[PDB]
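*Asks:* What follows is a structure written as structure tokens; I'll ask about it next.
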Amino acid sequence: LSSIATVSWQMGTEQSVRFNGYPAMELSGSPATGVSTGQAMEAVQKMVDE
Amino acid sequence: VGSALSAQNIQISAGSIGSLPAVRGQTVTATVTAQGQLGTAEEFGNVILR
């Protein structure tokens, strides 16, 4: 098998997810004390728009 | 043509290396990947018929 293939070590994902038909990756967060959830959500949306 | 195209473009599922029966003393697990499919036309044009 060495004369036809090149088996080698590699780094790869061990779990795959999809949300509404598109590949998705989930990350969590926690708002700081004194800041409303609406501001946090707007900031996250702006960052995503970045 | 049909047989050559169908017996030469197929996915391979190779499994894992440290399967769970796991003869005593095993300390690591891996995964094996093949990718035996064709994606572009310049390589569909190189299939072997005879």
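Lettering and numbering for the structure tokens are positional, with chains as A, B, ... in the shown order, residues counted from 1 in each chain, and ligands counted from 1 in the shown order.
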For chain A against chain B, which residues fall within 10 Å using only C-alpha atoms, given as a list in words?
*Replies:*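 That gives residues 7, 8, 9, 10, 12 and 14 of chain A for chain A.
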*Asks:* Please dump the current selection as a PDB file, in the first residue's frame; keep N, CA, C and O atoms.
*Replies:*
```pdb
ATOM      1  N   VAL A   7      -0.219   7.387   3.379  1.00  0.00           N
ATOM      2  CA  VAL A   7      -0.832   7.540   4.695  1.00  0.00           C
ATOM      3  C   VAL A   7       0.022   8.445   5.569  1.00  0.00           C
ATOM      4  O   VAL A   7       1.233   8.238   5.706  1.00  0.00           O
ATOM      5  N   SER A   8      -0.609   9.455   6.165  1.00  0.00           N
ATOM      6  CA  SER A   8       0.099  10.430   6.981  1.00  0.00           C
ATOM      7  C   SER A   8      -0.830  10.959   8.062  1.00  0.00           C
ATOM      8  O   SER A   8      -2.056  10.920   7.931  1.00  0.00           O
ATOM      9  N   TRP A   9      -0.227  11.465   9.134  1.00  0.00           N
ATOM     10  CA  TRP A   9      -0.967  12.022  10.257  1.00  0.00           C
ATOM     11  C   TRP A   9      -1.490  13.407   9.905  1.00  0.00           C
ATOM     12  O   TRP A   9      -0.842  14.163   9.178  1.00  0.00           O
ATOM     13  N   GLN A  10      -2.667  13.736  10.429  1.00  0.00           N
ATOM     14  CA  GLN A  10      -3.314  15.002  10.123  1.00  0.00           C
ATOM     15  C   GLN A  10      -4.210  15.388  11.292  1.00  0.00           C
ATOM     16  O   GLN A  10      -4.469  14.588  12.194  1.00  0.00           O
ATOM     17  N   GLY A  12      -7.966  16.950  12.319  1.00  0.00           N
ATOM     18  CA  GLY A  12      -9.287  17.098  11.744  1.00  0.00           C
ATOM     19  C   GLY A  12     -10.366  17.165  12.800  1.00  0.00           C
ATOM     20  O   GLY A  12     -10.156  16.819  13.964  1.00  0.00           O
ATOM     21  N   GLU A  14     -13.824  16.326  14.825  1.00  0.00           N
ATOM     22  CA  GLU A  14     -14.423  15.094  15.320  1.00  0.00           C
ATOM     23  C   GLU A  14     -15.935  15.199  15.468  1.00  0.00           C
ATOM     24  O   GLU A  14     -16.572  14.228  15.891  1.00  0.00           O
TER      25      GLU A  14
END
```
*Asks:* Skipping near chain neighbours, those fewer than 2 positions away, what residues fall within 8 Å of residue 18 in chain B using only C-alpha atoms, listed as a list in words?
*Replies:* residues 16, 20, 22, 26, 28, 29 and 30 of chain B
*Asks:* Nearest residue to residue 5 in chain A out of B:48, B:36, B:27, B:5, using only C-alpha atoms?
*Replies:*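 Going through B:48, B:36, B:27, B:5 one by one, the smallest distance to residue 5 in chain A is for B:36.
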*Asks:* Run DSSP on the backbone and grab whatever in chain A lands in strand (DSSP E or B); send it over as a list in words.
*Replies:* residues 18, 19, 22 and 23 of chain A
*Asks:* Can you write out the residues you just picked, keeping N, CA and C atoms, as a CSV table (one decimal), in the first residue's frame?
*Replies:*
```csv
chain,number,residue,atom,x,y,z
A,18,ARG,N,-24.9,21.4,11.7
A,18,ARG,CA,-25.5,22.3,10.7
A,18,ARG,C,-26.8,22.9,11.3
A,19,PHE,N,-27.0,24.2,11.0
A,19,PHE,CA,-28.2,24.9,11.5
A,19,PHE,C,-28.9,25.6,10.4
A,22,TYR,N,-26.9,25.3,6.9
A,22,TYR,CA,-25.6,25.9,6.7
A,22,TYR,C,-24.7,25.3,7.9
A,23,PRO,N,-23.4,25.1,7.6
A,23,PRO,CA,-22.5,24.7,8.6
A,23,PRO,C,-22.4,25.7,9.7
```
*Asks:* Could you find all residues in range 11-46 of chain A that DSSP calls alpha helix (DSSP H) from the backbone, and write them as a ChimeraX atom specification?
*Replies:* /A:37-46
*Asks:* Take the residues from that selection and write them out as a PDB file, in the first residue's frame, keeping C-alpha atoms.
*Replies:*
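Final file, selection_3.pdb:
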```
ATOM      1  CA  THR A  37     -29.139  42.094  27.028  1.00  0.00           C
ATOM      2  CA  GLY A  38     -30.287  44.251  24.119  1.00  0.00           C
ATOM      3  CA  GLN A  39     -27.006  46.158  23.988  1.00  0.00           C
ATOM      4  CA  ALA A  40     -25.013  42.915  24.139  1.00  0.00           C
ATOM      5  CA  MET A  41     -27.035  41.438  21.279  1.00  0.00           C
ATOM      6  CA  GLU A  42     -26.644  44.590  19.174  1.00  0.00           C
ATOM      7  CA  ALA A  43     -22.887  44.591  19.794  1.00  0.00           C
ATOM      8  CA  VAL A  44     -22.628  40.923  18.805  1.00  0.00           C
ATOM      9  CA  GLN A  45     -24.638  41.593  15.646  1.00  0.00           C
ATOM     10  CA  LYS A  46     -22.342  44.496  14.740  1.00  0.00           C
TER      11      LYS A  46
END
```
*Asks:* Just how far from CA of residue 10 in chain B is CA of residue 39 in chain B, in Å to one decimal?
*Replies:* 11.2 Å
*Asks:* Between CA of residue 38 in chain B and CA of residue 11 in chain B, what is the distance, to one decimal in Å?
*Replies:*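 Here the two named atoms are 9.6 Å from each other.
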